[PDB]
Amino acid sequence: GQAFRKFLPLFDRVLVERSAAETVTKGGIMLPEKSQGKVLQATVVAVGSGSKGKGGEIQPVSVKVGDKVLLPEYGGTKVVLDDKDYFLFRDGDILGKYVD
Amino acid sequence: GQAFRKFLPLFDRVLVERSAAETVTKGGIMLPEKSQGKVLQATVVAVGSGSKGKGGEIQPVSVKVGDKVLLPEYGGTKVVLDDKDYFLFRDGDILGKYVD
Amino acid sequence: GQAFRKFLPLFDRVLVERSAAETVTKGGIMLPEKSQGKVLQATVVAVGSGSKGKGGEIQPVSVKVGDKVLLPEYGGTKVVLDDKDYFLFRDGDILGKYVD
Amino acid sequence: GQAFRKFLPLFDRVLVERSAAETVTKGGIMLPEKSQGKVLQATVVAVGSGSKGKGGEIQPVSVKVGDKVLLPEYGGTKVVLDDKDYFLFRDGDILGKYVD
Amino acid sequence: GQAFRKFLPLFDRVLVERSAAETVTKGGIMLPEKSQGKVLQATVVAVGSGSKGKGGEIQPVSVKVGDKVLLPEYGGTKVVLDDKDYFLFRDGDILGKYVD
Amino acid sequence: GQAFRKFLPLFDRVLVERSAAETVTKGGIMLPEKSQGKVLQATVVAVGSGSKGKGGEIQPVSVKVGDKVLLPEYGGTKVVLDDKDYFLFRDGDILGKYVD
Amino acid sequence: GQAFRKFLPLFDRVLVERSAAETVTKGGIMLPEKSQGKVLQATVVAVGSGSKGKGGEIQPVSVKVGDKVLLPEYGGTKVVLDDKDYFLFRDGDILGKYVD
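Chains as they are written, first to last, in the entry's author numbering: chain b, 3 to 102; chain c, 3 to 102; chain d, 3 to 102; chain e, 3 to 102; chain f, 3 to 102; chain g, 3 to 102; chain a, 3 to 102.
Following this line, the structure appears as structure tokens:
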């Protein structure tokens with residue numbers, strides 16, 4: 003399980019950081035902070051060792067550090083690292099990843 | 003798991019695009035946009051790698067990209083790709099496919 | 003899994019059509035349409051490939067196309083095929099079949 | 003699975019017919035129809051093939067046609083056969099049988 | 003499965019009879035019938051064949067006919083045999099037995 | 003399964019007796035009876051034979067008679083033995099034991 | 003399972019002690035006691051023997067005594083040891099550990 007800055011998620015949990023919100027539109031129209039909701043696009047920055055549901059060895063999570071993923075609407079857990087914001091999810095809560 | 007335009011669903015989720023709504027009736031009578039509800043007919047455009055419930059290898063989803071399927075009434079997840087609309091479902095949520 | 007007119011249910015779902023409602027009584031007394039509720043007698047016209055709960059091969063549904071079955075009170079899903087009405091159930095929701 | 007008059011329950015369901023209600027007492031005192039509730043004593047008249055929870059073959063129900071059983075208070079499903087009344091239960095819902 | 007007077011519980015159910023309520027106290031003070039609640043002490047008079055959760059043979063219930071057991075507060079089912087009163091429980095609902 | 007005075011818990015249930023409540027403080031200040039809530043410290047006095055979840059033999063409970071344990075806040079069952087008070091818990095409900 | 007001062011958790015529960023709350027800010031501004039909520043950072047001081055879900059031997063908890071862990075928002079159980087405060091959690095409730 004790849005770690006992060008003095009942190010390591012346990013079991014299948016994955017720690018991600020949300021992408022920056024869109025401040026302006028294509029033509030230059032700029033949006034208020036209270037709008038635009040929450041960003042569902044994130045980057046995987048830490049992965050846990052894996053689950054223990056299957057007997058024997060450990061099954062690693064499908065994602066890896068450095069992947070761009072689409073988060074679900076709800077289910078994240080707020081984590082504060084070096085005054086910055088990160089979100090801890092479960093492995094199965096991730097909707098999908100942007101292959102590129 | 004067949005991908006899509008810079009996207010790939012995780013586990014058994016399938017990404018589809020709903021068919022266009024019926025604007026006019028057979029005799030030419032046109033319908034207002036607020037009507038007709040939501041289209042339950044979709045086309046499978048992305049499939050995930052598969053579930054992990056069974057021990058060992060991966061069980062692929064029953065559908066494939068290019069299939070015309072009937073969606074359930076509720077259960078989809080809204081996804082935005084290149085400003086266009088797509089819906090992420092589970093593999094078992096699909097009611098059936100139009101064999102042709 | 004036996005199909006139907008450009009349709010095929012997925013997994014253990016079975017597509018049936020309900021029998022016609024009774025319009026008149028034995029002595030000729032005829033009933034209003036709003037009465038008689040919904041018909042619980044149906045004919046199996048489409049069967050899915052089967053469930054995947056058991057490891058290995060596929061376990062087919064117990065019913066076959068052409069069987070007269072008794073539907074449960076609730077649990078069906080409305081499907082429209084060639085402007086006609088059909089109902090999709092689960093394999094285990096069927097109460098029983100008329101052996102004849 | 004022993005059948006009935008043009009009927010056969012599916013899986014572990016058992017079709018029974020409730021015993022006739024007690025109209026009079028031992029000394030001749032007669033009871034109104036609206037009283038006496040519902041009879042919990044029934045006779046097994048149809049049994050299904052069996053469940054499929056255990057892998058491999060089919061496990062038949064513990065009861066057989068012709069057994070006098072004690073029904074639970076709630077859980078039955080009303081079935082109409084030749085204008086007569088029968089009740090479909092699950093195999094595990096039967097409280098016990100009168101051995102004689 | 004040891005039976006009772008023309009009765010036999012099915013699966014892990016156990017039929018017991020509650021002990022007689024305490025009418026008087028040690029010093030002779032008598033208690034009203036509406037008081038004293040319900041007796042949690044019973045005697046096992048019928049045991050079922052056993053459950054079927056484990057594959058293969060049948061696992062018999064831990065209790066036997068003639069055991070003095072402590073019933074749970076709620077969970078019993080009322081049964082009437084020869085105008086007398088008995089209670090049907092599950093095997094796991096019994097809190098314990100008085101070894102003597 | 004080590005028993006108690008004419009009693010034996012069934013399955014994984016464990017019978018304990020709560021410790022005496024604290025009547026006075028270190029400096030001599032005494033507390034009213036209605037206070038101090040309920041004592042979570044208990045002594046294991048009876049253990050059942052064990053659960054049957056695992057196939058084959060019986061796996062005994064982790065505690066033994068004579069162990070000082072910390073009870074959970076809620077989940078106990080009141081038992082009266084020789085006019086004295088005991089509490090029946092499940093094996094997994096015990097929070098921990100005081101090793102000494 | 004490593005113990006603590008006359009205490010040992012049973013099964014997969016882990017006993018931890020929360021870190022001291024932040025009284026002052028970096029620049030010297032002090033915070034009231036009623037503020038600052040509850041500390042989610044703790045140190046593992048006791049670990050149980052392990053779970054019994056897997057057949058055979060015992061699977062030990064992933065954490066060890068002396069680890070700095072991040073607690074979940076809710077789910078702990080208050081324990082009093084030598085007049086000091088500790089919290090009992092489950093093994094899977096721990097969000098992650100600070101690797102260092």
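Even for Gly, the Cβ is constructed at its ideal location relative to N, Cα and C.
I'd like the span of the beta strand (DSSP E) that includes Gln61/d, first residue to last.
Where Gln61/d is concerned, there is no enclosing beta strand (DSSP E), given that its DSSP letter is neither H nor E.
If you drop the 5 nearest sequence neighbours on each side, which residues of the same chain put their C-beta closer than 6 Å to that of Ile31/d?
none
What whole-angstrom Cβ distance do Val67/e and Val81/e have, given they're in contact under 8 Å?
Contact flag wrong, Cβ pair sits at about 16 Å.
Measuring only between beta-carbons, confirm whether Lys36/e sits less than 9 Å from chain f.
no
Inspect the beta-carbon positions of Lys70/a and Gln43/a and report whether they are closer than 9 Å.
yes
Taking the runs of the beta strand (DSSP E) that are 3 residues or longer, which of them lie wholly in the stretch 38–99 of chain b?
43–49, 70–72, 79–83 and 86–91
Please state whether DSSP places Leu12/g in a helix, a strand or coil.
coil
Assign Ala22/a to buried or exposed, taking buried as 16 or more other Cβ atoms, counted over all protein chains shown, within 10 Å of its Cβ.
exposed
Distance check for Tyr100/d and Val26/e, CA to CA, integer angstroms please.
37 Å
Should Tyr88/g be labelled buried (16 or more other beta-carbon atoms within 10 Å of its own) or exposed?
buried
With a cut-off of 9 Å, does the C-beta of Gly77/b fall near any C-beta of chain c?
no
Using a Cβ cut-off of 9 Å (strictly closer), state whether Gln4/e contacts chain f.
no
In whole angstroms, what is the alpha-carbon distance linking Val16/f and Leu10/f?
9 Å
Considering only C-alpha positions, which residue in the set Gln4/f, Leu12/f and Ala5/f is nearest to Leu72/e?
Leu12/f
Comparing alpha-carbon positions, which option in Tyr76/a, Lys56/a and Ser51/a lies nearest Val65/a?
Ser51/a
Give a yes or no on whether 9 Å exceeds the smallest Cβ distance from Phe89/g to chain f.
no
Does DSSP put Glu24/d in a helix, a strand or coil?
coil
Bridge-paired residues (DSSP) for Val18/e
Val46/e and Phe89/e
Closer than 8 Å by beta-carbon distance: list the chain f residues that pair up with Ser64/e, in chain order.
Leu12, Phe13 and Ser51
Between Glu59/c, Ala48/c and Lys54/c, which lies nearest to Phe91/c when the distance is taken from Cα to Cα?
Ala48/c
Anything in chain c within Cβ reach of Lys56/d, meaning under 9 Å, just list it in chain order.
Under the 9 Å cutoff, chain c gives no residues; its nearest Cβ is about 10 Å from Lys56/d.
Can you check whether the C-beta of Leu97/d is within less than 9 Å of a C-beta belonging to chain c?
no
Can you grab the Cα-Cα spacing for the pair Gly3/d / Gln4/a, in whole Å?
57 Å
Mind pulling the chain c residues with CB within less than 7 Å of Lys8/d?
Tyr100, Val101 and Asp102
Give the straight-line distance between the Cα atoms of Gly98/a and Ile96/d, rounded to the nearest whole angstrom.
47 Å
I'd like to know if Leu72/f contacts chain g, where contact means its C-beta is closer than 9 Å to some C-beta of that chain.
yes
Same chain only: Cβ atoms within 8 Å of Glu24/d, ignoring 5 sequence neighbours per side
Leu33 and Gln38
Does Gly94/e come within less than 9 Å of chain f when only Cβ atoms are used?
yes
Residues of chain g with a CB under 7 Å from the CB of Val16/a: which are they?
In chain order: nothing, as chain g lies at least about 11 Å away.
Under 9 Å between C-beta atoms of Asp93/b and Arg7/b
no
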